[PDB]
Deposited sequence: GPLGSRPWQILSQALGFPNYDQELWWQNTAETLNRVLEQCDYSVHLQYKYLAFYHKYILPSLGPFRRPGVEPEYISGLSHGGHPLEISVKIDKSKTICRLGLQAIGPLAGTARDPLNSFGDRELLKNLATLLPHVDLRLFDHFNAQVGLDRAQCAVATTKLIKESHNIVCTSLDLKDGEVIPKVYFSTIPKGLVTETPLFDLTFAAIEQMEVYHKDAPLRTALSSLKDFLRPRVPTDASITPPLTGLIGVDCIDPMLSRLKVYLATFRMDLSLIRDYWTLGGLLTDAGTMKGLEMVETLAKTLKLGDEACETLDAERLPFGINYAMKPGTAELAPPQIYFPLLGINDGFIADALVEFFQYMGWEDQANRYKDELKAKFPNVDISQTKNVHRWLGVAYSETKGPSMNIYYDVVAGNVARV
């Protein structure tokens, strides 16, 4: 009902927006129900999605697909939306790298939401953004669906909408012929919060020392590489800063290396998470792999990253069986016994035992305070067509 009511109440300004809603909103409503969001929050979020996200999605120019993800720990499941906002001139001479859509979205969110802060967005836009002529050069040197600089996620947590943004470093790297490592840390080392917070500066210096010998010292795009910077759109002093590595090679040895920061982290917390990540890899027998190093102001110590396993081209029925098995290993019997039925109900129009593109990523995390968590990213449109 909510996704249908809102469709009857609001209609659509054009057919593209209708088509996006007809191929996403039922799934979104279902995910929200399954995660135990109340009716009022289902309406909150679907209304929000209708007004603010539909027009950002573009036509039904080369972007990553609209992704709904779930963050699962033993207590609860939190839903999140990941998108490439698309400007109305995206991919044309006037906007070759689609540099305006995501800021338009965030500007609109800043007058909607009382706790959204654009300062980190603006900071990183100044540091890794490009002018028109530089965007045109970057399109010549880039695969035709990487013609993007920023993208956006919306965490649907505690009855609020929490935006996050990701800035790609590659385009400025290609155009300026500057090493990715240098332009990443230079952009970070120029933040206001960096200049006033000793713990962040320590955490970063340790991260730099780990990354220096593993990533390129030259201007090449040779993995592993620092390809993305992530921030929360909140007070700079509260915001997690994230450095993402992209790489094509992952075996048990590189997992250990990335997870522990090459032997720096040796505590039982780290090793229990490591065992869990190694087990997951074995369970899957497994786009680049991602590694996400997270830092916060007021914290001098690096914690283990999150590792993202690409799932495109692996059968979704197998992934679902694999995840049930893995939830059993974790002692999450509740999650194991519903996952498969709940997956079928999110995507009723396809048979998951024949698809290979519905599960896209599986991110893994351990914290000592919070616990272990499972992040599953779905290509929503691929589960509705």
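Trainee: Where the model has no C-alpha, note the corresponding stretch of the deposited sequence, numbering from 1.
Mentor: Going by the record, the segments left unmodelled (no C-alpha atoms) fall at 1-5, 66-79, 306-317, 417-419.
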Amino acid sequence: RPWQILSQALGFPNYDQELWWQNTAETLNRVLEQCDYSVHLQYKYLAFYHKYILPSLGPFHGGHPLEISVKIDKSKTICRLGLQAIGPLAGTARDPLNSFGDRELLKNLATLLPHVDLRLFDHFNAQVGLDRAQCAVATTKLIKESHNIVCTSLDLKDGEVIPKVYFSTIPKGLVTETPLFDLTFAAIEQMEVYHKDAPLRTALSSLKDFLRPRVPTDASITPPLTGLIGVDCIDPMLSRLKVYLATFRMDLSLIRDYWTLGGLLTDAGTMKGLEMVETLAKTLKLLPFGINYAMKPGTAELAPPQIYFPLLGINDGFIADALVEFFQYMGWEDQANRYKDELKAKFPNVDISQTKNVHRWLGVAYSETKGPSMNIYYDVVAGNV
From here on, numbers count along this sequence of modelled residues.
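Rigid core here is just the name for the largest C-alpha set that superposes within 1.5 Å across the two forms.
Trainee: Figure out for me whether 362-370 or 15-23 is the more displaced stretch in 5 other deposited structures of this protein, taking RMS C-alpha distance from the shown form once the rigid core is superposed.
Mentor: Output: 362-370, the stretch lying farther off on average in 5 other deposited structures of this protein.
Trainee: Is residue 144 left out in a third or more of the other entries?
Mentor: Across the compared entries, residue 144 is modelled every time.
Trainee: Are coordinates for residue 85 absent from at least a third of the other PDB entries that model its neighbours?
Mentor: Negative; every one of those entries includes residue 85.
Trainee: Give the stretch, out of 76-84 and 201-209, with the larger mean C-alpha temperature factor in the deposited entry.
Mentor: Higher of the two, by average CA B-factor, is 201-209.
Trainee: Which is higher on average in the deposited entry, the C-alpha temperature factors of 348-356 or of 47-55?
Mentor: The deposited B-factors put 348-356 ahead on the C-alpha mean.
Trainee: Could you say which of 218, 102, 257, 131 has its CA atom at the highest B factor, as listed in the PDB entry?
Mentor: That would be 218.
Trainee: Among the candidates 188, 138, 90, 281, give the one with the maximum CA B-factor reported in the record.
Mentor: Highest CA B-factor of the listed options: 281.
Trainee: How does the C-alpha B factor of residue 164 compare with the rest of the chain: lowest, middle or highest third?
Mentor: CA B-factor rank for residue 164: lowest third.
Trainee: Per the entry's values, where does residue 24 land by CA temperature factor relative to the rest of its chain, in the lowest, middle or highest third?
Mentor: Residue 24: CA B-factor falls in the lowest third of its chain.
Trainee: Residue 343: which third of its chain by C-alpha temperature factor?
Mentor: Answer is middle: the recorded C-alpha B-factor places it there.
Trainee: Going by what the PDB entry lists, where does residue 322 fall on CA B-factor within its chain: lowest, middle or highest third?
Mentor: Top third by C-alpha B-factor.
Trainee: When the modelled residues of the chain are sorted by Cα temperature factor, does residue 30 land in the lowest, middle or highest third?
Mentor: For residue 30, the deposited C-alpha B-factor lands in the lowest third.
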